[PDB]
Amino acid sequence: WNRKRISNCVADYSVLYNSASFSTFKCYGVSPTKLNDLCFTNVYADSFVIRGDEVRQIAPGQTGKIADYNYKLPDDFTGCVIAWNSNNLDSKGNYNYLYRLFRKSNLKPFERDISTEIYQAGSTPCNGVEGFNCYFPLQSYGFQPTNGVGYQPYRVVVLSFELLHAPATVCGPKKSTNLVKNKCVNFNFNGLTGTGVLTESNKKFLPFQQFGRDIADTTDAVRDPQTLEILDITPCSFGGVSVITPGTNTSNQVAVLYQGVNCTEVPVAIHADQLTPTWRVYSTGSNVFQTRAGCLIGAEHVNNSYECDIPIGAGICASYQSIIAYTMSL
Amino acid sequence: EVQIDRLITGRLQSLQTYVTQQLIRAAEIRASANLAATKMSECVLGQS
Amino acid sequence: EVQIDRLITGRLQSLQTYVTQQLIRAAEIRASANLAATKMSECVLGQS
Amino acid sequence: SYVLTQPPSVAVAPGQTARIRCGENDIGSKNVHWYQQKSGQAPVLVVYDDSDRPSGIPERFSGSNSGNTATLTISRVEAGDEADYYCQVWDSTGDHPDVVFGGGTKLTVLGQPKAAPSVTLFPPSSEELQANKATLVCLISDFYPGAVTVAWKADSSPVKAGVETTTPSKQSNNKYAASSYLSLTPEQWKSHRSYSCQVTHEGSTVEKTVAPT
Amino acid sequence: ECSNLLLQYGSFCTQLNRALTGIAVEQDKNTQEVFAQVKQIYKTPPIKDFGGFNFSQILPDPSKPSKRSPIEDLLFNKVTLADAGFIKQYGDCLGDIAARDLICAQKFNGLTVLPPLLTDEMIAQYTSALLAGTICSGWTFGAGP
Amino acid sequence: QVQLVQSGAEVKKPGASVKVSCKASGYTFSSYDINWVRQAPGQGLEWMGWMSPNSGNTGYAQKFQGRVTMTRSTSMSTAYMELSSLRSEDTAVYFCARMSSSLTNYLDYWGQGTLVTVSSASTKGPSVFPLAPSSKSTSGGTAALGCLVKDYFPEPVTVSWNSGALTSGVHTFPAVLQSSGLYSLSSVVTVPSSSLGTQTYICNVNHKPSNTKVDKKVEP
């Protein structure tokens, strides 16, 4: 089988699927929805011509003459195996296309074994004889225009997609945009959808290492396709809401505990530009007490020792006296 | 893949139901064994 | 859309197995911590 | 039937760009490789794929494969680029697997001027006639470009039978030199009265003669 | 879109988050039934007239700025939390801050590891109060007055 | 550091057989596939065949099947391309070239090459003809001193002068292909005319494969 590496594509994958010539288009490890918007490292194209009945053998986990002794696919195959009928073109008849039936062992996945070695199924060690019990392993396709269903010629091109092998230059179109840093954006940096802010990475990477797989198997390292710089992927800033309430018959005053984020980061870590105008009073406070589990915004710090009414994290309590955010006495 | 994987899903929920109710019964005979430690700690080795 | 409904549904059941395991563990922590409340009340605040 | 076709030569100025291509029908469906062979040593690979380069060779050399062409680009041409280049498209070739090589491109740098040839002709000495043998030697070693035509005439007869000529080679200061030898018995050395070594370079000719004592 | 798929099941993760919330409030209840038995805190006394019973490792130290004791300086230093918290991976990490951490991708996990409501200096304050109750109180300090 | 070492040069008769070798060290030789590429002087590089050393499977070019006997031995890690029934067109340099571990098979390491000579001429010891300036247009009118060597078939002839102590102005041209098969070199010098009678000149010619050395002093 012929092998081609394809490196630079900016054009789309829309011609893959979406045509009636492509009759069989089962994609195992990827969806056809992902074809239009993806970005990958390497593209390999494998091409051969088979019969119609052995179309089902070219799959993960399938067996036969072709899948054992001619062409092997792995079980975790990411890509699309394509089959289409070619009855007019290859069948004139013509017997020039061959296949391998006899081999000593089954083939490894994506491994090519070209040989004209006589298979030893007989007692004698005969060499170079095309006769009885010296089996020549190559047999010919008997293609005629009188072929039945499953015995007509079919043409196959197999596309495989790879990760963490090459600098990513093979990926489809979006809106023409330039890079910004130090702000929270939907980055598509080598074309993957996600939200994060990237800095320059201090890691030294070999040039086959393009992406990264962490302990949760997400992308944590990435390299630019134009400049050969290295950057890491983390998402934007986090925080939480824990509301201080008395009973609703008493008062409608509240305060917010923020659970562990420093108070200069908490206007930035919340989406305060798109927030409700009530809550940004409760995000930037005049009396803000930083403690171990963050800081409480929307109440007043007093020093005086009161017994606890509302049990609140990191040694603070609240009481209705206005609501005071006091270090609790014990 | 589809039918054997649906069998592994059903047998995995059957095995998870078996080990979930056996973890709850492991908590019940574990509470009965903590009870069978405290009983005979002051039932046999002591007097309640 | 029905494809990743089942593909995300394969990922959904990991948390309930976790919090069932952590809740039997939290019942064990609650048994040892009511045991610890009994140990402060009857070994530190009293004598058992 | 697939055979790789390459042009014979291309000449560029130093510091400029060079365009060397190896392109045929449906070469974009196959892989292209490129190699460098200097004169008299082992070949070295300089381009690994359609565009990817190996280590050692810098970003001066680049290429691309699209359609019916695969063109190597050489940027900021220096003196060291003058070598032989071959494209190595692998093909199935009717299920007989072949490693097809190209015809070869010879890339030459410019910047060296033309010098006129000076001729040195040597008579056969008396010590070689003591060994009963004669040799008329004409050495030309003072011109930079090309190959000159050496002719011999002796007593209104153009002598061709007996002329042995070494191929011209690069000397130490990178300039061409050619050597021609004529073998003769010593009794015809004194029989014929006139001899000539005539050298033609770019239309003009330089001719000198020798006297047989 | 995942969150809309999760709200198609409705009240799983309401009860799952309420169950872990009840576990966290239950650990606050465990922390208050263990340590917060009394509301009569005796503060840390000058070390005098203890009869020779050397309590120097279990009272809090004056030298170190936190209220953790030298026996607690053994126990808080050998138990590795593997950098589990809220601020360590979420607070400073608007961008790439402290990569190749001991635990990784908690950003895609969202483990809000809450600090305890009684902190370790205030657990040290309660246990020092329970200490000074045991030094110069009987079992009478848990019985109100 | 992957290196490929070939054997010494070959001198042959037509109809004989070669034993061209290519030794490799420092890497696992059996996993990696070896090609042989020939190159005549004045011609492009020509693929001859491909060889897998561990399995022993050999594929050959469509013109060269049967004649070519590419073999190997992992006992001493040496390959052997033994071509048989030598003919006059088979004079070239032979390169052992390894394809890559990755697929599509770029050639990544080569050998330095060894040269085979196919001719029917016999071996013969060298004869020495000197030339010295003794007259006008051989002396005076811009002409040199020399020593001419012929009647030798193998290539290595070592020339140094005046007991091997003269270096200045020495030119050693390559040997011309004479039609009888016996090659010839001409060595010249540039010397001062006043030093012709005061300094003696000796032409030393050494040739190891025929073991014949003819040397004598050169004077006008």
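Residues numbered from 1 in each chain as written, not as in the entry; some residues may be left out. Chains lettered and ligands numbered in written order. Part of a larger assembly, values for the part shown. Heavy atoms only, no water. Residues with missing side-chain atoms left out of burial classes, pairs and counts.

K.L.:
Please provide a residue-by-residue account of the nonpolar core, values included.
P.N.:
Side chains of nonpolar character tend, in soluble globular proteins, to be buried together. In this structure, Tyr27, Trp36, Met48, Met70, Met81 and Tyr94 of chain F are the most contacted members of the largest nonpolar core, which totals 25 residues. Of all elements in the fold, only β3 (20–25), β4 (34–39), β5 (46–51), β7 (68–73), β8 (78–83), β9 (93–99) and β11 (114–118) of chain F reach the threshold of two or more residues within this core. Leave out the neighbours within four places in its chain, and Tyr27 of chain F touches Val2, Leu4, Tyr32, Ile34 and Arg98 of chain F. Formed by 21 residues, the second largest nonpolar core is a distinct cluster that contains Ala70, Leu72, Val89 and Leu107 of chain D. (Core = buried A, V, L, I, M, F, W, Y, C linked by side-chain atoms within 4.5 Å. Buried < 20%, exposed > 50% of the residue type's maximum accessible area, 1.4 Å probe, protein only. Helix = DSSP H or I, 4+ residues; strand = E, 2+ residues; numbered from the N terminus. Contact = heavy atoms within 4.5 Å.)

K.L.:
Report on the interface of chain E and chain A, specifying residues and quantitative values.
P.N.:
Of the residues lining the interface, 29 residues belong to chain E; the matching set on chain A comes to 33 residues. For the pair chain E and chain A, the two sides together bury roughly 2600 Å², of which 65% comes from carbon and sulfur. The interface formed by chain E and chain A includes two salt bridges. Where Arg292 of chain A meets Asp120 of chain E, a salt bridge forms, and the shortest distance between an N and an O atom there is 3.1 Å. On inspection of chain E and its partner chain A, the count reaches seven residue pairs in polar contact. Looking at the side of chain E that touches chain A, the elements with two or more residues in it are α4 (87–91) and α5 (120–135) of chain E. Residue contributions to the side of chain E that touches chain A peak at five residues, all from α5 of chain E. (Buried area = accessible area lost by both parts, 1.4 Å probe. Salt bridge = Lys/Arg side-chain N within 4 Å of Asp/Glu carboxyl O. Polar contact = N/O pair within 3.5 Å; in protein donor to acceptor, adjacent residues only side chain to side chain.)

K.L.:
An account of the domain arrangement of chain D is needed here, citing residue identities and associated values.
P.N.:
For interface size, the figure often reported is the accessible area lost on association. Looking at the assigned domains, one finds that chain D contains domain 1 (9–109) and domain 2 (119–210). Computed over C-alpha atoms, the centres of domain 1 of chain D and domain 2 of chain D are 41 Å apart. (Domains from an automatic or database assignment.)

K.L.:
Which residues make up the sheet that holds strand β17 (residues 195–201) of chain D, and what values do they have?
P.N.:
Residues and elements named next belong to chain D. Taken in spatial order, the four strands line up as β14-β13-β17-β18 in an open sheet, and their pairing is antiparallel. This sheet does not close on itself; its edge strands, each paired only once, are β14 (158–159) and β18 (204–210). As defined by bridge partners, β17 adjoins β18 across seven bridges and the pair is classed as antiparallel. Counted as the bridge partner of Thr200 is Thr205 from β18. (Pairing = 2+ DSSP bridges.)

K.L.:
Pulling in residues and values, what's your account of the state of the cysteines?
P.N.:
If you walk through the whole model with that rule in mind, you get ten disulfides over all chains. A disulfide bridge connects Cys184 of chain A with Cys236 of chain A, and the sulfur atoms are separated by 2.0 Å. For the disulfide bridge between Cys184 of chain A and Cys236 of chain A, the dihedral angle about the S-S bond is near 120°, and by the sign convention the bridge is right-handed. Here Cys184 of chain A is found in the loop between β9 (170–171) and β10 (185–187), whereas its partner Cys236 of chain A is found in the loop between β13 (230–232) and β14 (242–244), with 52 residues between them in sequence. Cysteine pairing for chain F (bonded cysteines numbered in sequence order): 1-2, 3-4. Look at chain D and number its bonded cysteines as they come in the sequence; the links are 1-2, 3-4. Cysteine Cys43 of chain C shares no disulfide, and the gap to the nearest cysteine sulfur, in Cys43 of chain B, comes to 19 Å. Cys2 of chain E provides the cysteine sulfur closest to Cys13 of chain E, a residue in no disulfide bond, and the two sulfurs are 9.6 Å apart. (Disulfide = S-S within 2.5 Å.)

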